[PDB]
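Remarks on the structure that follows.
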Protein chains: 6
Amino acid sequence: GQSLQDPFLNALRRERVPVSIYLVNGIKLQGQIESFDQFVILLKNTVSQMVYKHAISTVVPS
Amino acid sequence: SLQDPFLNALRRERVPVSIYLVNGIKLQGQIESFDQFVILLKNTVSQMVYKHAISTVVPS
Amino acid sequence: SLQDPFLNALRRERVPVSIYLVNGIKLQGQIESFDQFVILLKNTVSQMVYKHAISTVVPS
Amino acid sequence: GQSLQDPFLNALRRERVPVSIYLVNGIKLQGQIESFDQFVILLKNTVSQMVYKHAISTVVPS
Amino acid sequence: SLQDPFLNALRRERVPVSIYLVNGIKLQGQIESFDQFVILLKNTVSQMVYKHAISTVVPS
Amino acid sequence: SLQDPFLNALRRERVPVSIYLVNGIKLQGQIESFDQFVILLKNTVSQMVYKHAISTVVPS
RNA sequence: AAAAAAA
RNA sequence: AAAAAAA
């Protein structure tokens with residue numbers, strides 16, 4: 001199920017950990033996980049931006 | 001759950017937006033409408049963007 | 001749907017379109033027909049394009 | 001539904017039309033449609049090769 | 001319907017194969033096993049290839 | 001499943017692995033955990049990798 | 001739209 | 001692993 005993905009993202013969100021989100025094309029976005037659902041992650045770095053999970057390679061604490 | 005309100009808020013306030021595609025290309029315009037699979041992005045003309053091709057949507 | 005009426009209008013009105021693919025290649029032609037997964041695009045040839053390979057459909 | 005895709009491919013198969021299959025990375029394969037199902041197309045050009053539909057951009061008569 | 005028998009025939013006859021990935025990379029070895037989502041390709045070691053990453057499977 | 005036993009063996013035996021991504025980048029580490037959609041890979045950092053971005057998992 | 005950069 | 005080639 002989502003027994004890894006949801007607790008991993010929730011912890012980053014709860015703890016306001018700065019993250020790097022690497023996209024599948026190698027572009028690295030930085031910010032905080034504001035929220036997420038089945039399909040998207042909202043990545044906040046003053047501005048809120050919506051990232052499709054389909055375009056993400058990895059999520060790592062910065 | 002979060003996708004629709006995020007896109008709608010941009011449409012509602014006519015926020016100029018950037019849509020970055022999975023291949024790195026940046027498209028700019030206004031969110032005119034959206035459904036399960038697509039976003040209509042308006043500039044001079046309305047073009048239909050497939051969600052599967054999008055990496056991010058962000059105010060410009 | 002926003003997608004289906006958009007494609008149907010383009011198809012019925014025989015509107016010249018540009019289809020941009022995920023590899024950056026631009027196809028041009030008229031939308032001859034479409035279904036859940038594919039679009040039939042006609043120019044000098046008649047070609048079945050998978051929607052998963054499309055980024056955008058733009059009136060030319 | 002598959003009201004376009006299945007009759008398009010079946011006609012190519014039935015009529016033994018030489019086809020070009022462009023992959024999503026721009027590589028062009030050539031051969032005849034031997035058969036297909038939900039996920040793959042078998043492309044025959046003396047040898048039978050299995051092509052995942054997820055990797056295909058377009059199918060066109062050659 | 002066609003995928004499983006195609007892969008199995010290659011495994012059964014120990015046919016040396018090429019698996020071409022969506023990014024153009026060619027992997028070579030023997031089909032050792034497969035399930036809904038992956039193919040195990042054996043050379044010196046067995047590596048697990050995700051089907052979503054594969055364009056084609058062909059005898060080498 | 002062939003996938004789950006393969007990943008589980010790698011995880012339990014703390015086998016160093018190379019994960020090749022769709023963009024050609026090679027990650028290295030140990031499989032800390034996995035579920036339907038993601039793998040947690042640990043090296044000097046602990047990183048959640050989406051399976052859709054992975055081409056292969058190779059014992060290093 | 002490089003019959004295909006064991007990455 | 002180019003905070004991102006209106007293609």
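Atoms considered below: every heavy atom in the structure, side chains included; atoms not considered: hydrogens, waters and symmetry mates. Note on naming: letters A, B, ... go to the chains in the order of the sequence lines (proteins, then strands), and numbering restarts at 1 for each one.
Distance noted for atom P between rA5(H) and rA3(G): 25 Å (whole Å). As rounded to the nearest Å, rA1(G) and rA7(H) have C1' atoms that lie 14 Å from one another. Rounded to a whole angstrom, the distance from the P atom of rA4(G) to that of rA4(H) is 33 Å.
Within residues 53-60 of chain B, the residues having any heavy atom closer than 4.0 Å to RNA chain H are, in order of number, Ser55(B), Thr56(B). Taking every heavy atom of residues 15-25 of chain F and every atom of RNA chain H, pairs under 4.0 Å involve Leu21(F), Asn23(F), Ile25(F), by number.
A salt bridge between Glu32(C) and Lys42(C) is present, with a side-chain N of the basic residue lying under 4.0 Å from a carboxylate O of the acidic one.
Computed from coordinates, the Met50(D) CE to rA4(G) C1' distance equals 16 Å when rounded to whole Å. Going from atom CG of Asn43(B) over to atom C1' of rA7(H) covers 14 Å, rounded to whole Å. Rounded to whole angstrom, the span from the CD atom of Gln28(F) across to the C1' atom of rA1(H) amounts to 14 Å. Atom CG of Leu29(A) and atom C1' of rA2(H) are 12 Å apart (whole Å). In this structure, CG of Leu42(A) is placed 21 Å from P of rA3(H), rounded to the nearest angstrom.
One finds the CG atom of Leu40(E) at 12.0 Å from the CZ atom of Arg11(E) (value rounded to the nearest 0.5 Å). Taken to the nearest 0.5 Å, the CZ atom of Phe34(E) stands 5.5 Å off from the CG atom of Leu7(E).
Think of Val22(E) as one node in a network of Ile, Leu, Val, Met, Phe, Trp and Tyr side chains linked at under 4.5 Å; it has no links at all.
Within the nucleic acid shown, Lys26(E) comes within 4.0 Å of at least one base atom, counting heavy atoms only.
Between the base of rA7(G) and the side chain of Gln47(E) there is a donor-acceptor pair shorter than 3.5 Å.
Across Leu29(D), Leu12(D), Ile56(D), a single residue satisfies side chain to side chain contact (heavy atoms under 4.5 Å, CB included) together with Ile41(D), and that is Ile56(D). Just one residue in the list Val38(C), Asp35(C), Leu41(C) forms a side chain to side chain contact (heavy atoms under 4.5 Å, CB included) with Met48(C), and that residue is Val38(C).
Using a 4.5 Å heavy-atom threshold, the side chains of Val17(C) and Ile31(C) count as touching.
Counting only N and O atoms by type, the side chains of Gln47(C) and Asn43(C) include a donor and acceptor under 3.5 Å apart.
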side-chain hydrogen bond (donor to acceptor under 3.5 Å, both in side chains) between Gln36(B) and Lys51(B), worked out: CA-CA 8 Å; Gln36(B) 186 183 13; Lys51(B) 289 175 177 182; over 6 Å; no
